[PDB]
file query-v9.txt (compact mmCIF, C-alpha atoms and all ligand atoms)
# COMPACT_ATOMS: atom_id res chain seq x y z
CA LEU A 1 9.36 27.69 4.48
CA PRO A 2 8.32 29.13 1.01
CA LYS A 3 5.03 31.04 0.83
CA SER A 4 3.90 28.68 -2.02
CA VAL A 5 5.26 25.57 -3.73
CA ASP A 6 4.24 23.88 -6.94
CA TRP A 7 6.31 20.82 -7.89
CA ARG A 8 4.44 20.58 -11.27
CA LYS A 9 6.38 23.72 -12.35
CA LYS A 10 9.69 21.93 -11.64
CA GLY A 11 9.05 18.77 -13.67
CA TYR A 12 8.37 16.39 -10.79
CA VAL A 13 4.79 15.41 -11.78
CA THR A 14 3.39 13.31 -14.55
CA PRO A 15 0.15 14.18 -16.37
CA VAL A 16 -3.11 13.24 -14.62
CA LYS A 17 -4.05 9.54 -14.83
CA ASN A 18 -7.38 7.78 -14.32
CA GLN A 19 -8.00 4.84 -11.97
CA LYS A 20 -11.41 4.25 -13.61
CA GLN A 21 -13.66 1.64 -11.80
CA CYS A 22 -10.97 0.14 -9.58
CA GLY A 23 -10.28 1.08 -5.93
CA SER A 24 -6.65 1.80 -6.77
CA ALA A 25 -6.25 5.48 -5.74
CA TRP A 26 -3.69 4.34 -3.13
CA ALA A 27 -1.53 3.03 -5.99
CA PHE A 28 -1.70 6.29 -8.05
CA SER A 29 -0.88 8.26 -4.90
CA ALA A 30 2.15 5.96 -4.31
CA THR A 31 3.36 6.05 -7.92
CA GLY A 32 2.99 9.88 -7.94
CA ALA A 33 5.19 10.23 -4.91
CA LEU A 34 7.77 7.80 -6.25
CA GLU A 35 7.69 9.60 -9.56
CA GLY A 36 8.68 12.92 -7.90
CA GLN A 37 11.42 11.30 -5.76
CA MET A 38 12.94 9.43 -8.74
CA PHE A 39 12.85 12.73 -10.61
CA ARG A 40 14.74 14.48 -7.81
CA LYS A 41 17.31 11.68 -7.69
CA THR A 42 17.96 11.34 -11.47
CA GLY A 43 16.45 14.21 -13.51
CA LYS A 44 14.23 11.88 -15.49
CA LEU A 45 10.48 11.89 -15.16
CA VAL A 46 9.18 8.36 -15.82
CA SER A 47 5.57 7.27 -15.35
CA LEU A 48 5.42 4.31 -12.95
CA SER A 49 3.11 1.33 -12.94
CA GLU A 50 0.00 1.38 -10.77
CA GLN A 51 -0.92 -2.07 -12.17
CA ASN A 52 2.35 -3.48 -10.86
CA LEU A 53 1.25 -2.29 -7.34
CA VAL A 54 -2.35 -3.57 -7.75
CA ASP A 55 -1.34 -7.04 -8.93
CA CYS A 56 1.69 -7.66 -6.70
CA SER A 57 1.40 -6.02 -3.28
CA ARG A 58 -1.20 -8.22 -1.57
CA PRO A 59 1.45 -9.79 0.68
CA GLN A 60 2.12 -6.31 2.06
CA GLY A 61 -1.51 -5.92 2.89
CA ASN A 62 -2.93 -4.19 -0.16
CA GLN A 63 -6.14 -5.54 -1.82
CA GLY A 64 -5.65 -4.37 -5.42
CA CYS A 65 -8.91 -2.89 -6.82
CA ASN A 66 -10.56 -3.27 -3.37
CA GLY A 67 -8.30 -0.77 -1.62
CA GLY A 68 -4.84 -0.36 -0.22
CA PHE A 69 -2.44 2.11 1.43
CA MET A 70 0.48 4.07 0.07
CA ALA A 71 2.82 3.03 2.90
CA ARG A 72 2.11 -0.62 2.09
CA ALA A 73 2.91 0.19 -1.55
CA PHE A 74 6.29 1.79 -0.64
CA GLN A 75 6.96 -1.31 1.55
CA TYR A 76 6.32 -3.56 -1.42
CA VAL A 77 8.71 -1.59 -3.67
CA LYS A 78 11.36 -1.84 -0.98
CA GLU A 79 10.77 -5.56 -0.25
CA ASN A 80 10.53 -6.26 -3.95
CA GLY A 81 13.62 -4.42 -5.02
CA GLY A 82 11.95 -2.31 -7.71
CA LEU A 83 8.84 -1.14 -9.61
CA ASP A 84 8.14 -1.27 -13.36
CA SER A 85 7.32 1.62 -15.66
CA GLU A 86 3.73 2.43 -16.73
CA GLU A 87 4.88 1.74 -20.29
CA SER A 88 6.09 -1.77 -19.49
CA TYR A 89 3.32 -2.76 -17.06
CA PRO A 90 0.13 -0.91 -18.33
CA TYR A 91 -2.94 -0.05 -16.35
CA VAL A 92 -6.11 -2.09 -17.01
CA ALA A 93 -8.13 -1.22 -13.87
CA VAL A 94 -8.78 -4.81 -12.78
CA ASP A 95 -6.94 -7.22 -10.46
CA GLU A 96 -4.56 -9.41 -12.53
CA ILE A 97 -1.62 -11.78 -12.30
CA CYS A 98 1.50 -10.26 -10.82
CA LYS A 99 3.80 -9.74 -13.81
CA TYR A 100 6.60 -7.81 -12.17
CA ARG A 101 9.76 -7.87 -14.27
CA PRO A 102 13.04 -6.71 -12.69
CA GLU A 103 14.50 -5.88 -16.10
CA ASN A 104 11.77 -3.22 -16.50
CA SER A 105 12.23 -1.65 -13.11
CA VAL A 106 12.81 2.12 -13.19
CA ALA A 107 12.27 2.90 -9.48
CA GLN A 108 13.40 1.73 -6.06
CA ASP A 109 12.93 2.86 -2.46
CA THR A 110 14.48 1.85 0.93
CA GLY A 111 11.39 2.37 2.94
CA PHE A 112 9.31 5.50 3.57
CA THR A 113 9.00 8.52 5.91
CA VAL A 114 5.75 9.31 7.75
CA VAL A 115 4.66 12.91 8.33
CA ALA A 116 3.61 13.49 11.93
CA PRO A 117 -0.17 12.63 11.95
CA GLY A 118 -2.62 15.48 11.87
CA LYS A 119 0.16 18.06 11.60
CA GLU A 120 -0.46 20.45 8.64
CA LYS A 121 2.74 22.40 9.41
CA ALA A 122 4.74 19.15 9.30
CA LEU A 123 3.14 18.30 5.94
CA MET A 124 3.99 21.83 4.77
CA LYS A 125 7.59 21.22 5.64
CA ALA A 126 7.68 17.81 3.90
CA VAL A 127 6.07 19.31 0.78
CA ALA A 128 8.50 22.21 0.70
CA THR A 129 11.67 20.25 1.26
CA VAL A 130 11.03 16.82 -0.33
CA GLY A 131 8.68 16.99 -3.29
CA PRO A 132 5.09 15.63 -3.84
CA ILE A 133 3.74 13.80 -0.76
CA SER A 134 1.23 10.90 -0.69
CA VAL A 135 -1.80 11.66 1.50
CA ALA A 136 -5.17 10.07 2.43
CA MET A 137 -8.35 12.21 2.38
CA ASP A 138 -12.07 11.99 2.87
CA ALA A 139 -13.28 12.26 -0.75
CA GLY A 140 -16.76 10.64 -0.09
CA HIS A 141 -18.83 13.69 -1.10
CA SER A 142 -20.89 14.83 -4.02
CA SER A 143 -19.31 18.25 -3.54
CA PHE A 144 -15.89 16.59 -4.28
CA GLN A 145 -17.25 14.61 -7.21
CA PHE A 146 -18.47 17.87 -8.80
CA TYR A 147 -15.60 20.04 -7.72
CA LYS A 148 -14.51 22.50 -10.45
CA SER A 149 -12.81 25.63 -9.09
CA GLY A 150 -11.89 27.51 -5.93
CA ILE A 151 -10.74 26.32 -2.53
CA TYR A 152 -12.59 23.16 -1.71
CA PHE A 153 -14.14 23.28 1.76
CA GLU A 154 -16.82 20.74 2.80
CA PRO A 155 -18.45 20.82 6.26
CA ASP A 156 -19.21 17.10 6.10
CA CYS A 157 -15.53 16.25 5.64
CA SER A 158 -13.91 14.03 8.22
CA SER A 159 -10.28 14.53 9.32
CA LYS A 160 -10.20 10.92 10.66
CA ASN A 161 -12.40 8.62 8.59
CA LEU A 162 -10.65 8.66 5.15
CA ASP A 163 -11.33 6.77 1.95
CA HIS A 164 -9.12 8.05 -0.82
CA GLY A 165 -5.40 8.36 -1.63
CA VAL A 166 -4.13 11.45 -3.51
CA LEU A 167 -0.95 13.44 -4.07
CA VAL A 168 -0.03 16.84 -2.60
CA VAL A 169 2.08 18.55 -5.26
CA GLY A 170 2.33 21.90 -3.49
CA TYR A 171 0.45 24.61 -1.60
CA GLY A 172 -0.30 28.27 -2.06
CA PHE A 173 -2.70 31.00 -1.27
CA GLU A 174 -5.09 33.41 -2.86
CA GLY A 175 -4.60 37.19 -2.77
CA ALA A 176 -1.46 39.03 -1.64
CA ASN A 177 -1.50 37.81 1.96
CA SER A 178 0.31 34.51 2.14
CA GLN A 179 -1.12 33.88 5.60
CA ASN A 180 -4.75 33.48 4.70
CA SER A 181 -6.99 31.81 2.02
CA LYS A 182 -4.41 29.00 1.91
CA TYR A 183 -4.74 25.73 0.08
CA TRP A 184 -3.07 22.41 -0.70
CA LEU A 185 -2.49 21.65 -4.40
CA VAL A 186 -3.77 18.07 -4.84
CA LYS A 187 -3.42 15.74 -7.76
CA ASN A 188 -6.37 13.31 -8.09
CA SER A 189 -6.51 10.03 -10.21
CA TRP A 190 -9.97 10.59 -11.77
CA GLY A 191 -8.73 11.82 -15.12
CA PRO A 192 -7.89 15.36 -16.24
CA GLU A 193 -11.58 15.86 -16.95
CA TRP A 194 -12.45 15.76 -13.24
CA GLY A 195 -11.99 18.91 -11.18
CA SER A 196 -9.53 21.54 -12.39
CA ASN A 197 -7.49 19.62 -15.11
CA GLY A 198 -7.47 16.70 -12.62
CA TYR A 199 -6.53 18.82 -9.63
CA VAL A 200 -8.17 20.40 -6.59
CA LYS A 201 -7.28 23.14 -4.08
CA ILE A 202 -8.14 21.88 -0.65
CA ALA A 203 -8.50 24.32 2.25
CA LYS A 204 -5.21 24.54 4.11
CA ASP A 205 -4.63 25.35 7.84
CA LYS A 206 -8.41 24.92 8.40
CA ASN A 207 -8.02 22.19 11.02
CA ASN A 208 -6.63 19.49 8.79
CA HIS A 209 -9.54 19.70 6.36
CA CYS A 210 -10.67 16.30 4.91
CA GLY A 211 -7.76 14.74 6.76
CA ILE A 212 -4.97 15.75 4.29
CA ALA A 213 -2.34 15.56 7.04
CA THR A 214 -3.69 12.56 8.92
CA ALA A 215 -1.81 9.82 7.01
CA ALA A 216 0.85 11.44 4.84
CA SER A 217 4.08 9.70 3.75
CA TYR A 218 6.81 9.66 1.03
CA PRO A 219 9.22 7.01 -0.21
CA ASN A 220 12.92 7.17 0.61
CA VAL A 221 14.99 6.84 -2.57
CA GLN B 785 -12.38 6.26 -3.62
CA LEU B 786 -14.06 6.23 -7.12
CA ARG B 787 -15.73 8.83 -9.42
CA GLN B 788 -19.57 8.62 -9.04
CL CL A 801 -9.54 3.92 -4.53
CL CL A 802 -0.59 4.95 3.84
call {"tool": "encode", "arguments": {"input": "query-v9.txt", "output": "structure tokens"}}
result
Amino acid sequence: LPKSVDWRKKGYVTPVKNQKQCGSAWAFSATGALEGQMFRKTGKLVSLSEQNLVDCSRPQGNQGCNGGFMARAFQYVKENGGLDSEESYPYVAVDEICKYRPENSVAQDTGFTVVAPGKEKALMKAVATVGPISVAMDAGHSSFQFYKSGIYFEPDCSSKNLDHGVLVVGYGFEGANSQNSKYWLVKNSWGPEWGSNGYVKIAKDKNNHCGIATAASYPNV
Amino acid sequence: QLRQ
């Protein structure tokens, strides 16, 4: 596999968004992954609607602003036959009436692929060969809230009890040795003001730090 | 998770 990957440099990733006070990170993770797969399929980068997921995927087991899961979101897009654009179905950070319109759909998926649980090398392969990958992490730490630079490594992080959905857009390393000081490039949904322009480098190949490879998946388009 |  490549020594480093950054799908942002290839046009697969939209600018950083902000979930604000709504437990909808699972939806931004899911739209980010679908955004990269639709880009690979068609060459057009189109921002997708998180609000469409929040308001309409309760049947699949999501709970809108009270939490959800990316795989359930990809299941909804499949069962539903489509997903509207951010432009047509804007984000308001509160649970609202499902207003899904097929005529505004700009994405579709046939289901999703799961990355073998807990396997960082399997996630590395999915990232290198597919595009941005949705992942769950343990983000419940002041150190993550105030992250700014460097490889994030938090001793209190759990690899099994997770509470936040994010997007792995690549991986890399510091220095000239590609085999050490490795990290996952992660897109967050806390605004570009949080972290490093909305992103964070999470320690990679350090025993599945913060659970990045515990519940990783991507939509099939 | 949310920004606190
Ligand atoms: Cl959330
Ligand atoms: Cl999931």
call {"tool": "residues_around", "arguments": {"input": "query-v9.txt", "residues": "residue 785 of chain B", "least_positions_apart": "5", "cutoff": "10 Å", "atoms": "only C-alpha atoms", "output": "MDAnalysis selection string"}}
result
chainID A and resid 19 21:26 66:67 137:140 162:166 189:190
call {"tool": "residues_near_ligand", "arguments": {"input": "query-v9.txt", "ligand": "ligand CL 802 (chain A)", "cutoff": "6 Å", "atoms": "all atoms listed in the file", "output": "list in words"}}
result
residues 69, 70, 71 and 215 of chain A
call {"tool": "residues_near_point", "arguments": {"input": "query-v9.txt", "point": "(-19.9, 11.6, -6.9)", "cutoff": "8 Å", "atoms": "all atoms listed in the file", "output": "list in words"}}
result
residues 140, 141, 142, 143, 144, 145 and 146 of chain A; 786, 787 and 788 of chain B
call {"tool": "closest_residue", "arguments": {"input": "query-v9.txt", "among": "A:64, A:219, A:32, A:132", "to": "ligand CL 801 (chain A)", "atoms": "only C-alpha atoms and all ligand atoms"}}
result
A:64
call {"tool": "closest_residue", "arguments": {"input": "query-v9.txt", "among": "A:133, A:122, A:212, A:93", "to": "ligand CL 801 (chain A)", "atoms": "only C-alpha atoms and all ligand atoms"}}
result
A:93
call {"tool": "atom_distance", "arguments": {"input": "query-v9.txt", "atom1": "atom CA of residue 216 of chain A", "atom2": "atom CA of residue 135 of chain A"}}
result
4.3 Å
call {"tool": "atom_distance", "arguments": {"input": "query-v9.txt", "atom1": "atom CA of residue 221 of chain A", "atom2": "atom CA of residue 109 of chain A"}}
result
4.5 Å
call {"tool": "atom_distance", "arguments": {"input": "query-v9.txt", "atom1": "atom CA of residue 200 of chain A", "atom2": "atom CA of residue 29 of chain A"}}
result
14.3 Å
call {"tool": "residues_around", "arguments": {"input": "query-v9.txt", "residues": "segment 110-119 of chain A", "least_positions_apart": "3", "cutoff": "12 Å", "atoms": "only C-alpha atoms", "output": "VMD selection string"}}
result
chain A and resid 30 33 to 34 37 70 to 82 107 122 to 127 130 133 to 137 158 to 160 204 to 221
call {"tool": "residues_around", "arguments": {"input": "query-v9.txt", "residues": "residue 199 of chain A", "least_positions_apart": "5", "cutoff": "8 Å", "atoms": "only C-alpha atoms", "output": "JSON, numbers by chain"}}
result
{"A": [185, 186, 187, 188, 192, 194]}
call {"tool": "closest_residue", "arguments": {"input": "query-v9.txt", "among": "A:48, A:56, A:168, A:65", "to": "chain B", "atoms": "only C-alpha atoms"}}
result
A:65
call {"tool": "axis_aligned_box", "arguments": {"input": "query-v9.txt", "around": "chain B", "padding_each_side": "5 Å", "output": "lines of an AutoDock Vina configuration file"}}
result
center_x = -16.0
center_y = 7.5
center_z = -6.5
size_x = 17.2
size_y = 12.6
size_z = 15.8
call {"tool": "closest_residue", "arguments": {"input": "query-v9.txt", "among": "A:50, A:35, A:156, A:103", "to": "ligand CL 801 (chain A)", "atoms": "all atoms listed in the file"}}
result
A:50
call {"tool": "closest_residue", "arguments": {"input": "query-v9.txt", "among": "A:191, A:183, A:47, A:89", "to": "chain B", "atoms": "all atoms listed in the file"}}
result
A:191
call {"tool": "residues_around", "arguments": {"input": "query-v9.txt", "residues": "segment 147-154 of chain A", "least_positions_apart": "4", "cutoff": "7 Å", "atoms": "all atoms listed in the file", "output": "PyMOL selection string"}}
result
chain A and resi 143+183+195-196+201-203
call {"tool": "decode", "arguments": {"input": "query-v9.txt", "residues": "segment 47-72 of chain A", "atoms": "N, CA, C and O atoms", "output": "short mmCIF file (atom, residue, chain, number, x, y, z; two decimals), in the first residue's frame"}}
result
data_model
loop_
_atom_site.label_atom_id
_atom_site.label_comp_id
_atom_site.auth_asym_id
_atom_site.auth_seq_id
_atom_site.Cartn_x
_atom_site.Cartn_y
_atom_site.Cartn_z
N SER A 47 -21.84 18.45 -2.09
CA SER A 47 -22.11 18.32 -0.65
C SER A 47 -23.47 17.66 -0.41
O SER A 47 -24.47 18.09 -1.00
N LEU A 48 -23.53 16.63 0.46
CA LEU A 48 -24.75 15.90 0.66
C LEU A 48 -25.41 16.29 1.94
O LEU A 48 -24.77 16.82 2.87
N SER A 49 -26.72 16.02 2.00
CA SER A 49 -27.49 16.47 3.18
C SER A 49 -27.50 15.61 4.44
O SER A 49 -28.05 14.50 4.49
N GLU A 50 -26.89 16.17 5.51
CA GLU A 50 -26.93 15.52 6.81
C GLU A 50 -28.38 15.58 7.36
O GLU A 50 -28.87 14.65 8.01
N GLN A 51 -29.04 16.69 7.09
CA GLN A 51 -30.42 16.89 7.62
C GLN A 51 -31.35 15.82 7.04
O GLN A 51 -32.22 15.32 7.74
N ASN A 52 -31.15 15.49 5.78
CA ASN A 52 -31.95 14.43 5.17
C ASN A 52 -31.79 13.13 6.03
O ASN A 52 -32.77 12.42 6.34
N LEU A 53 -30.53 12.78 6.42
CA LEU A 53 -30.29 11.61 7.23
C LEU A 53 -30.93 11.73 8.63
O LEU A 53 -31.55 10.80 9.15
N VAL A 54 -30.73 12.92 9.24
CA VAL A 54 -31.28 13.14 10.62
C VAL A 54 -32.82 13.00 10.63
O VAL A 54 -33.39 12.30 11.50
N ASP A 55 -33.48 13.67 9.66
CA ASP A 55 -34.93 13.63 9.70
C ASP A 55 -35.60 12.34 9.24
O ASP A 55 -36.71 12.03 9.70
N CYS A 56 -34.91 11.58 8.37
CA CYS A 56 -35.56 10.45 7.69
C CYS A 56 -35.10 9.03 8.00
O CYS A 56 -35.77 8.08 7.57
N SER A 57 -34.00 8.85 8.75
CA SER A 57 -33.53 7.48 8.91
C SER A 57 -33.84 6.85 10.22
O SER A 57 -33.13 5.96 10.63
N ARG A 58 -34.95 7.30 10.92
CA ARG A 58 -35.28 6.61 12.19
C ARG A 58 -35.72 5.15 11.99
O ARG A 58 -35.51 4.26 12.81
N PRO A 59 -36.42 4.87 10.93
CA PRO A 59 -36.82 3.47 10.66
C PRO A 59 -35.63 2.51 10.62
O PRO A 59 -35.74 1.34 11.02
N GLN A 60 -34.47 3.02 10.13
CA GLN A 60 -33.28 2.21 10.07
C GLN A 60 -32.56 2.15 11.38
O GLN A 60 -31.50 1.53 11.46
N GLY A 61 -33.09 2.80 12.40
CA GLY A 61 -32.49 2.72 13.70
C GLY A 61 -31.69 3.91 14.12
O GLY A 61 -31.07 3.84 15.16
N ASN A 62 -31.69 5.00 13.34
CA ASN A 62 -30.99 6.19 13.78
C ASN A 62 -31.95 7.02 14.68
O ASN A 62 -33.15 6.82 14.63
N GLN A 63 -31.43 7.96 15.45
CA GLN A 63 -32.22 8.76 16.39
C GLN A 63 -31.96 10.24 16.20
O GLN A 63 -31.96 11.02 17.16
N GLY A 64 -31.70 10.62 14.94
CA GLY A 64 -31.51 12.04 14.58
C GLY A 64 -30.48 12.76 15.40
O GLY A 64 -29.32 12.35 15.39
N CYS A 65 -30.89 13.82 16.16
CA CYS A 65 -29.93 14.60 16.98
C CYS A 65 -29.58 13.86 18.27
O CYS A 65 -28.76 14.36 19.06
N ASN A 66 -30.17 12.68 18.54
CA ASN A 66 -29.77 11.91 19.72
C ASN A 66 -28.91 10.70 19.34
O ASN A 66 -28.93 9.66 20.03
N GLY A 67 -28.17 10.78 18.23
CA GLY A 67 -27.29 9.68 17.90
C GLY A 67 -27.73 8.81 16.73
O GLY A 67 -28.88 8.81 16.28
N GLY A 68 -26.78 8.02 16.28
CA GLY A 68 -27.03 7.21 15.09
C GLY A 68 -25.75 6.51 14.68
O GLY A 68 -24.75 6.60 15.40
N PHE A 69 -25.77 5.82 13.55
CA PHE A 69 -24.62 5.01 13.10
C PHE A 69 -24.51 5.14 11.62
O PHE A 69 -25.52 5.12 10.94
N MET A 70 -23.27 5.26 11.10
CA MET A 70 -23.08 5.42 9.68
C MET A 70 -23.66 4.26 8.85
O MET A 70 -24.24 4.49 7.79
N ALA A 71 -23.49 3.02 9.38
CA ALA A 71 -24.01 1.89 8.57
C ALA A 71 -25.51 1.99 8.43
O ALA A 71 -26.03 1.67 7.36
N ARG A 72 -26.19 2.44 9.49
CA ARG A 72 -27.64 2.62 9.40
C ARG A 72 -27.95 3.68 8.39
O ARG A 72 -28.93 3.56 7.64
#
